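Student: The structure that follows is given in the form of structure tokens.
Derivation of every value follows stated rules applied to the coordinates shown; laboratory data play no part. Cβ coordinates were reconstructed from backbone atoms using ideal geometry, including for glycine residues, and neighbour counts include every protein chain displayed.
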Amino acid sequence: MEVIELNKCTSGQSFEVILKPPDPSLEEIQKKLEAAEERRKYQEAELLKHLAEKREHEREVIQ
Amino acid sequence: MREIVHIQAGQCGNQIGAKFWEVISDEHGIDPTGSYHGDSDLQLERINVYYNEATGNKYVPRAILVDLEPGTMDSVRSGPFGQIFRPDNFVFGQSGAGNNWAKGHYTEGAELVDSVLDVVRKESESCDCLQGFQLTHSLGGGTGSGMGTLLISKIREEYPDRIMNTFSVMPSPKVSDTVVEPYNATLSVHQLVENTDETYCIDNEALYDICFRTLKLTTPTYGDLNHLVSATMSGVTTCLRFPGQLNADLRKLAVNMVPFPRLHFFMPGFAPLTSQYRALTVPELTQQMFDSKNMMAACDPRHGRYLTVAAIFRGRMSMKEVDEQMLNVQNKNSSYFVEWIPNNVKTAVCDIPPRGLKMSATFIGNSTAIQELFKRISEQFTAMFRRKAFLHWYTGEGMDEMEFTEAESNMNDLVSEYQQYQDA
Amino acid sequence: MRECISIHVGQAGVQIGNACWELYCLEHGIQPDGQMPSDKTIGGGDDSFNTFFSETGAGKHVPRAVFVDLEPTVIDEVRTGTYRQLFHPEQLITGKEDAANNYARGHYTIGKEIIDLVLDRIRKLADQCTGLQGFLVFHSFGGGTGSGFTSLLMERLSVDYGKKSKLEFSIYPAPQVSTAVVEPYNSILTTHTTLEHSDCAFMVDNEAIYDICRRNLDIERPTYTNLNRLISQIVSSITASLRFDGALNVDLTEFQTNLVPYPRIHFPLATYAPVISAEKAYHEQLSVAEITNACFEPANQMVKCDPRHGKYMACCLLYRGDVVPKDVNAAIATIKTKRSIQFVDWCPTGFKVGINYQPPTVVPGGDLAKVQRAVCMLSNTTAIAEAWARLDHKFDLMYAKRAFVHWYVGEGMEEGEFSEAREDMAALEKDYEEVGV
Amino acid sequence: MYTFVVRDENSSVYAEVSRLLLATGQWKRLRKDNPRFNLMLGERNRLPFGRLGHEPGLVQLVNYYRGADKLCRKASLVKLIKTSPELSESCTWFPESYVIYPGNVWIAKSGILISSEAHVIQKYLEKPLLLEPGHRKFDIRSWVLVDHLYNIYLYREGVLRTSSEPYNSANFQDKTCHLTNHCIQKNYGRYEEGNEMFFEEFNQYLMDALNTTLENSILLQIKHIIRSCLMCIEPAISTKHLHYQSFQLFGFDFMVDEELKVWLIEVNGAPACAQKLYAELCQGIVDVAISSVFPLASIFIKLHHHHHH
Ligand SMILES: CC(C)(C)c1nc[nH]c1/C=c1\[nH]c(=O)/c(=C/c2cccc(C(=O)c3ccc(F)cc3)c2)[nH]c1=O
Ligand SMILES: Nc1nc2c(ncn2[C@@H]2O[C@H](COP(=O)(O)OP(=O)(O)OP(=O)(O)O)[C@@H](O)[C@H]2O)c(=O)[nH]1
Ligand SMILES: Nc1ncnc2c1ncn2[C@@H]1O[C@H](COP(=O)(O)OP(=O)(O)CP(=O)(O)O)[C@@H](O)[C@H]1O
Ligand SMILES: Nc1nc2c(ncn2[C@@H]2O[C@H](COP(=O)(O)OP(=O)(O)O)[C@@H](O)[C@H]2O)c(=O)[nH]1
Ligand SMILES: [Ca+2]
Ligand SMILES: [Ca+2]
Ligand SMILES: [Mg+2]
Ligand SMILES: [Mg+2]
């Protein structure tokens, strides 16, 4: 058991004791943030397309 | 996300909706004319969630009152807390809706819907951060059922990113105004499956039985049913109306309760059931709120499995004992909670008790046993629909038999979807 | 010296920030208003504490901190709290609408509209630095902001500051103090996307801190305040070498070299003794041997696991108080022959000891008693993979049914990112087993 | 009302423990993948020990000690004995074994080879004790229960798994005289039923033929080997202070030579009991291992010795 690299100072000390030896770019991030926004806007479009068909059925019943 | 906009539609919607503002105005120390006369600062800390502030330090509910006849809305204004509501938000037609979904959804209500949305926009405009909408209605009549779902579809178009929650009273032969309720309810259920984030299934069957069997009221009025409803409405809004270190809005709660988008129909419950002197112990609250007898939707939770559960305990009690009891029922009845959603029962405690009770507990269960409710209305529907009985009331207002066939099929699909996760 | 910027993301990140910066203030003798009487070079400096604090002409000592949250209510309590004067308002960034415990909402939806602002406010602090080391990032695995927005930040911080090191302080989800049901999803998603961007990460299972607060502080139902004050002691222990005079762990690069040889396996276990209640009338003070020996008891670890069934790549004992080298060596001599401490073949079986003579500082009216000597052992053991296995199993159960998935997909995220992220975690579990068995 | 899960369907021992638990009205069985249990009756390979003791408000117990495989695999057992100071290379009760990866008679094992030419390569006991009438080899099986506290309980009933064929020094290829396993025999049942001699008879034979007892001549050495083996591994596997708890039933296989010396052959992690003794042992597993941790509404002998030096 050896006590190596002992360093001392006024507020403390440290040592080691050995018992035994032996990224995507700014383009691709802003791209795929927006690709999720395209799917977000397509899904909201599909909803407002679906709700628009309900509005025309509502007109067809009263007519 | 702080402000909620409340809408109450129809006779039922306005009746239970009036009781909601009666209960919570008492809890927040707001008197019948709108002035604050409380004591705790906790009563005003999140008062903006349900009230707007007016001149002279008056508090006005963010509440819109809808109906196709004046009758019930004249009773709201005459009633105990009726003076607190903003007069501009009373939006009403004259001819009524004769318990007819078609009248509510397609003809009479179509004439009135846009002026209701003008008042919604007026309220939504002066909202720092609108979190969503809440609605009170029955599915058995015409206005609340037909127009209420029409409003829900219109609100979703104009506010597609906001949360839509409902307290939806389900019809029953035991508390029945007309034979066509199953028709109106089936048409409404299909709307809610599409357009709401959470729907609290208040079953008048269940409220009757709780009043009859477990409260010993021989002849229960609507007030006795509505008493049980308002206790639950208060309970489910507690964690938004107060703190207590809980950092949750309607969306955050919706995200944790709804694992599948179509299956958002909850089984409400309350302990203790009232119409007392001895305060309940934490073990009693836990056993009662999980008991079938205390369920506001007439289903047997043993016939299904819990996808998620939420429980909010009110009063000054041991949070250690709450944790212990909530863990006791799960670990001793673990078959009835799905293993494929770990830790699906979550709990909160609020120090302020409701009026009268020293400590209470409100139960929100997303169980697959709610298929029983939808099966019962599906059976009543088909009994009449197979002989096209009473359809003339709906075809006279422009509807086709196809629309009924679709709605029958959409609800039977919901039932099949609930069965899928009950066996998984 | 070289400066360190601390970033606090989400409720958990922010409230843990509060506790740390409160504690750092008491340790360096900095007061709430920001004055430090013992500091003689007014207007600037290159002392060890200047790595964490900057200085102004009036004498104020200002944290190199950025607080980020997608809703205001938690950071509002920092603006109105005891240390309100300490921070400049531009450090405290808030949105209006939160991530609703949804990774996808925090990362993609709401993340996008605030990421460019935050990096700008981070750049305002980096430009005050003569030589930036890098970042200490504080967040929860379970929250939507904590999981989602943090991973977007870490992606951009690699681009804007490629030469700098990034350390994580992560709160791993515990059902007993969480009301979120979808944390397993959030935790795996953010671990997948943050992995290549994080140099060294210190996990803290809320389960372990909670039971320490029950068992050792006699607290019946531990609050976040109980947990955060205990966490910030561990955090301080870990960061003390960056803030005080010393030769062990003097910069952020040395944490990676000492603790992380295999780059992907960068999750060192923290163990900490002693935790003693202030309400305790009679306490017999524990020795160097006793508290060093407590570093190998599972019940003191930040994550509950069994180091005996696993292997070490690195160990570091950071002592605070009356401790001397020979007491530490005699304690390690005793412990080696009793306990099962097996190292990997390519690593030297050894300990890097760091001692600071100043005993741990305790928060006035806190739960922790004053102690003569304490220690935080940082050991890179393969046993911590136990935490990944649990998380991954929970993930697998929910994901098999597609439960809750629609909430993520509805915020623009693709279903494929779920199984893509799980496969990284599947490889990570495999990497740990190769090394440790 | 406690709860358990069963994840080993082959286990003849814990099938009976499962049955005995159920037949009380205080233990409900759950599904194989339910997390909310008190007791796990676990799988042999890859038991998920990392998932135990993390369910709040449930004291969790499992029927396997993690790391106990280092005693039960043959390769590891040999490496354990040579490397541990308290057992050592000069261990008197273990045959001389060596590890090579895939009187001078040896035996190879992990397809068993007994020769002088030619896994582990072990010294073969050329002059064993031979029962009479028969002139035949045997091995002794002792069942050992280590509970959550690390109390080492030896079960009073063991069994001699006998060879039926006369032992032969020259003829090695004939396996039925050298190998004394229950499956390899099935002269199957000439002298005793299913080649199983219980302790009452074997004591009596020693009294009559050798003028000694089982307790003195053999069992004192067995108790010493069991206790030395388990206390050696106690620091590595003990679940004292741990967030979950473990017990385990082990099977110790012994060989008694001509001069009445006992030798350790193998320790077994998932042992099966003898047909007669199931009912008593499995009730013992319940009383001592399970009911101590989970109380409801002696067949063992405890191994403890504190000699001061
Ligand atoms: C951790 C803990 C236990 C808090 C928790 N963890 C998951 N969940 C929870 C609890 C709740 N979860 C909810 O989703 C919730 C929904 C809520 C909130 C407000 C209003 C309405 C509503 O439909 C309404 C009420 C009156 C009305 F007139 C018309 C409609 C519903 N309330 C909760 O207390
Ligand atoms: N230790 C500790 N854990 C916390 C604290 N606050 C929240 N958590 C944990 O963090 C997880 C929830 O994440 P939060 O940080 O609240 O969520 P968020 O990052 O604000 O994200 P959103 O709510 O989605 O905007 C749960 O596991 C909580 O137990 C805290 O102050 N201390
Ligand atoms: N060194 C030795 N000297 C004499 N006989 C030996 C021996 N090693 C093994 N044997 C014999 O070989 C038989 C089986 O070998 P061993 O006990 O090593 O493996 P095993 O797997 O068959 C036992 P189990 O299946 O009960 O765990 C024993 O019954 C024993 O009689
Ligand atoms: N619980 C409860 N149910 C009601 C109340 N009023 C009506 N109902 C039920 O609601 C249905 C009738 O709808 P109603 O609201 O009167 O029709 P609308 O005014 O046209 O919406 C029937 O199923 C009734 O049982 C009430 O005050 N409380
Ligand atoms: Ca008209
Ligand atoms: Ca200075
Ligand atoms: Mg009516
Ligand atoms: Mg948050």
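Student: In whole Hz, with x marking every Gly and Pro, tabulate ³J(HN,Hα) for the range B:12-23 from phi via Karplus 6.51 cos²θ - 1.76 cosθ + 1.60, θ = phi - 60°.
Tutor: Along the range B:12-23, the couplings run 5, x, 6, 6, 6, x, 5, 5, 4, 5, 5, 5 Hz.
Student: Turning to a different aspect of this structure: Quick check on packing: order B:95-103, B:13-21 by the mean number of other C-beta atoms within 10 Å, highest mean leading. Let's see the in-between values first.
Tutor: On the way: B:95-103: 24.0, B:13-21: 25.6.
With the highest mean Cβ count within 10 Å placed first, the list reads B:13-21, B:95-103.
Student: Determine, from the Cβ-Cβ distance of D:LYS32 and A:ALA35 and an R0 of 35 Å, the FRET efficiency 1/(1 + (r/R0)^6), rounded to the nearest 0.05.
Tutor: So the FRET efficiency works out to roughly 0.25.
Student: Moving on to the next point. Would you grab the residues whose amide H sits under 5 Å from the one on C:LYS311? Only those 5+ places off in sequence or on another chain, please, with H modelled 1.01 Å from N.
Tutor: Amide H neighbours of C:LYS311, under 5 Å, 5+ apart: C:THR382, C:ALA383.
Student: Given only helices, namely DSSP H runs of n ≥ 4 each adding -39500 (n - 2.57), what is the per-residue ellipticity at 222 nm of chain C, to the nearest 500 deg cm²/dmol?
Tutor: Result for chain C: -12000 deg cm²/dmol, rounded to the nearest 500.
Student: While we're on this one: Trypsin sites (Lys or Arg not before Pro), restricted to the range C:92-161: which are DSSP loop and have at most 15 other Cβ atoms within 10 Å?
Tutor: On the way: sites: C:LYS96, C:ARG105, C:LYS112, C:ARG121, C:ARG123, C:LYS124, C:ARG156; in loops: C:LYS96.
Loop-located and lightly packed - C:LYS96.
Student: For the range B:1-259, just say rounded, prolate or oblate: build the C-alpha gyration tensor, square-root its eigenvalues into a ≥ b ≥ c, call rounded for a/c under 1.5, and beyond that prolate if a/b exceeds b/c, oblate if not. It would help to have the intermediate numbers written out before the result.
Tutor: On the way: a/c = 1.39, a/b = 1.23, b/c = 1.13.
Verdict is rounded for the range B:1-259.
Student: Here's something else I'd like to know. Placing unit charges on C-beta atoms (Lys and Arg positive, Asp and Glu negative, everything else neutral), compute the dipole magnitude of the range B:129-269 about its Cα centre in debye, rounded to 20. Could the numbers behind the result be given before it?
Tutor: Values: 10 positive and 13 negative charges, 56 e Å.
I would put it at about 260 debye.
Student: If you wrap the range C:264-420's Cα atoms in a convex hull and average its projection over all directions, what's the area in nm²?
Tutor: On the way: hull surface 54.3 nm².
Its average projected convex-hull area is 13.6 nm².
Student: A follow-up question, please. Under Stokes-Einstein, with the Kirkwood radius over Cα pairs standing in for Rh, what whole-number D in µm²/s applies to the range B:260-369 at 37 °C and 0.692 mPa s?
Tutor: Numbers: Rh = 14.3 Å.
Taking Rh from Cα pairs, D becomes 229 µm²/s.
Student: Residues with amide H under 5 Å of D:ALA272's amide H, sequence separation 5 or more or different chain, H placed in the peptide plane at 1.01 Å from N; which?
Tutor: Here nothing satisfies the definition.
Student: Still on this structure, I have one more. With both bridge residues required to lie in the protein assembly as shown, what share of the DSSP beta bridges run antiparallel, to the nearest 5%?
Tutor: Details: 94 of 171 bridges.
Here the antiparallel bridges make up roughly 55 percent for the protein assembly as shown.
Student: Here is a further query. Any idea what the dipole of the range B:187-260 comes to, in debye rounded to 20, about its Cα centre with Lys/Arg Cβ at +1 and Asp/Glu Cβ at -1? Don't skip to the end; give the middle numbers.
Tutor: Numbers: 5 positive and 8 negative charges, 59 e Å.
With only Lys, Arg, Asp and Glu charged at Cβ, the dipole is about 280 debye.
Student: Using only Cα atoms, locate the centre of the range D:200-264 and the centre of the range C:260-283, then give the distance between them in Å, rounded to an integer.
Tutor: Cα centres, the range D:200-264 to the range C:260-283: 41 Å.
Student: Once phi is turned into ³J(HN,Hα) by the Karplus curve 6.51 cos²θ - 1.76 cosθ + 1.60 with θ = phi - 60°, what whole-Hz value does each residue of the range C:175-191 show in order, with x for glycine and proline?
Tutor: Values per residue, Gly and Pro as x: x, 6, 10, 9, 9, 7, 9, 9, 4, x, 4, 4, 5, 5, 4, 6, 5 Hz.
Student: Helix-derived [θ] at 222 nm for chain B: sum -39500 (n - 2.57) over DSSP H runs of at least 4, divide by residue count, nearest 500? Display every interim value, and only then the final one.
Tutor: On the way: 16 runs with 182 residues, N = 424.
Taking each H run of at least 4 residues, the total per residue is -13000 deg cm²/dmol.
Student: Listed highest first by mean packing, meaning other Cβ atoms within 10 Å per residue, what order do B:2-12, B:25-35, B:372-382, B:77-87 come in?
Tutor: B:2-12, B:372-382, B:25-35, B:77-87
Student: Distance in nm between label sites at A:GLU27 and B:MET402, each 7 Å beyond Cα in the beta-carbon direction?
Tutor: Between A:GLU27 and B:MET402, the simple spin-label model gives 5.2 nm.
Student: Sticking with this structure for a sec: Quick one: Karplus J couplings for the range C:400-411, per residue in order, coefficients 6.51, -1.76, 1.60, θ = phi - 60°, nearest Hz, x for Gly and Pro?
Tutor: Values, residue by residue: 4, 8, 6, 6, 6, 4, 4, 5, 6, 4, x, 9 Hz.
Student: At a 10 angstrom cut-off on C-beta neighbours, averaged per residue, how do the peptides D:112-118, C:65-71 rank from highest to lowest?
Tutor: Working: D:112-118: 11.1, C:65-71: 26.7.
For the peptides D:112-118, C:65-71, the packing ranking is C:65-71, D:112-118.
Student: Consider a paramagnetic label point 7 Å from the Cα of D:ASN10 along Cα→Cβ; state which residues of the range D:31-47 have an amide N under 12 Å from it.
Tutor: Once the point is set 7 Å along Cα→Cβ of D:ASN10, D:43-46 turn out to lie under 12 Å by backbone N, inside the range D:31-47.
Student: Next question, about the same structure. For B:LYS103, give me every one of the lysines with a C-alpha distance below 23 angstrom, ignoring sequence neighbours fewer than eight places off in its own chain.
Tutor: Correct list for B:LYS103: A:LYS54, B:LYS154, B:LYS388.
Student: Same structure, new question: Run the quick spin-label model on D:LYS70 and B:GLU379: label points 7 Å from Cα toward the beta carbon, then report their separation in nm to one decimal.
Tutor: Computed distance between label sites D:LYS70 and B:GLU379 equals 6.4 nm.
Student: The range D:26-68 to the range B:1-62: how many Å between their Cα centroids?
Tutor: Between the Cα centres of the range D:26-68 and the range B:1-62 lies a distance of 51 Å.
Student: Considering only DSSP beta bridges where both residues belong to the range B:260-369, give the percentage that are antiparallel (nearest 5).
Tutor: Numbers: 15 of 22 bridges.
If we restrict to bridges inside the range B:260-369, about 70 percent are antiparallel.
Student: Can you find, among B:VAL180, B:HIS105, B:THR219, the residue farthest towards the positive end of the dipole of the range B:1-259? Put +1 on the C-beta of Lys and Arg, -1 on that of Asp and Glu.
Tutor: Selected residue: B:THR219.
Student: I'd like the GluC sites (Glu not before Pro) in the range C:265-345 restricted to DSSP loop residues with at most 15 other Cβ atoms within 10 Å, sorted by number. Don't skip to the end; give the middle numbers.
Tutor: Details: sites: C:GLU279, C:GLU284, C:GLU290; in loops: C:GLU279, C:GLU284.
Within the range C:265-345, the qualifying GluC sites (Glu not before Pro) (loop, at most 15 other Cβ atoms within 10 Å) are C:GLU279, C:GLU284.
Student: Follow-up question, since we're still on this one. Tell me the net charge near D:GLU266. Cut-off is 14 Å between Cβ atoms, D:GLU266 excluded, with +1 for each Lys or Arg and -1 for each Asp or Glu.
Tutor: On the way: positive: D:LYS70, D:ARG73, D:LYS74, D:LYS109, D:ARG141, D:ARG161; negative: D:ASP69, D:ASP139, D:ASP253.
Every neighbour counted, the sum reads +3.
Student: Applying 1/(1 + (r/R0)^6) with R0 = 56 Å to the Cβ-Cβ distance of B:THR281 and B:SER95, what FRET efficiency is obtained, to the nearest 0.05?
Tutor: Numbers: r = 54 Å, r/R0 = 0.96.
The computed FRET efficiency comes out at 0.55.
Student: A further question on this structure: Net charge within 12 Å of B:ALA271 by Cβ-Cβ distance, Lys/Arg positive one each and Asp/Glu negative one each, not counting B:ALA271 itself? Spell out each step's value before the answer.
Tutor: On the way: positive: B:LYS293, B:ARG314; negative: B:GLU284, B:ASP291.
Once all neighbours under 12 Å are counted, the net charge is 0.
Student: Further question: For the range D:240-272, state which GluC sites (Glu not before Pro) are in a DSSP loop and have at most 11 other beta carbons lying within 10 Å of their beta carbon. Write down the numbers at each step before the final one.
Tutor: Values: sites: D:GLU258, D:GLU259, D:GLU266; in loops: D:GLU258, D:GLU259.
Loop-located and lightly packed - D:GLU258, D:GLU259.
Student: Dipole size in debye (nearest 20) for the range B:38-97 around its Cα centre, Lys and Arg Cβ +1, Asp and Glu Cβ -1? Provide the component values of the computation, followed by the final result.
Tutor: Working: 5 positive and 8 negative charges, 17 e Å.
That gives a dipole near 80 debye.
Student: Which is farthest toward the positive dipole end of chain C among C:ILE93, C:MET413, C:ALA369, measuring Cα position about the Cα centre, with Cβ charges +1 (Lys, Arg) and -1 (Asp, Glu)?
Tutor: Farthest towards the positive end: C:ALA369.
Student: Mind checking the mean number of beta-carbon atoms from other chains within 10 Å of the Cβ atoms in C:316-322? Please list the in-between numbers first.
Tutor: Values: counts 2, 2, 1, 3, 1, 0, 0.
Per residue, the number of nearby Cβ atoms from other chains is 1 on average.
Student: Next question. Using the Cα gyration tensor of the range C:1-268, with a ≥ b ≥ c the square roots of its eigenvalues, what is the shape: rounded (a/c below 1.5), prolate (a/b larger than b/c) or oblate (neither)?
Tutor: rounded
Student: If I take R0 = 25 Å and measure r between the Cβ atoms of D:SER169 and D:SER110 in this structure, what FRET efficiency does the formula 1/(1 + (r/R0)^6) give, to the nearest 0.05?
Tutor: Working: r = 25 Å, r/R0 = 1.01.
E(calc), rounded to 0.05, equals 0.50.
Student: Cα to Cα, under 24 Å, and not fewer than 8 places away if on the same chain: which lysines meet these conditions relative to C:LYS60?
Tutor: Correct list for C:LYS60: C:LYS40, C:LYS124.
Student: Under 1.5 on a/c is rounded, so check that first for the protein assembly as shown, then, if it is not, pick prolate when a/b is larger than b/c and oblate when it is not; a ≥ b ≥ c are the square roots of the alpha carbon gyration tensor eigenvalues. Write down the numbers at each step before the final one.
Tutor: On the way: a/c = 2.41, a/b = 1.47, b/c = 1.63.
It comes out oblate by the Cα gyration axes.
Student: Please enumerate, by chain and number, the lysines with C-alpha under 27 Å from the C-alpha of C:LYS430, excluding those fewer than 8 residues away in the same chain.
Tutor: C:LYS166, C:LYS304, C:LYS311, C:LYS394, C:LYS401, D:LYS32, D:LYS70, D:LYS74, D:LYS79
Student: Find which of C:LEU227, B:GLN245, C:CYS305 sits farthest along the positive direction of the dipole of the protein assembly as shown, computed with +1 on the beta-carbon of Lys and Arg, -1 on that of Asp and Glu, about the Cα centre.
Tutor: Looking along the dipole axis, the top candidate is C:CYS305.
Student: Can you grab the distance from the C-alpha centre of the range A:21-53 to the C-alpha centre of the range C:167-225, Å, no decimals?
Tutor: Comparing the Cα centres of the range A:21-53 and the range C:167-225, I get a distance of 29 Å.
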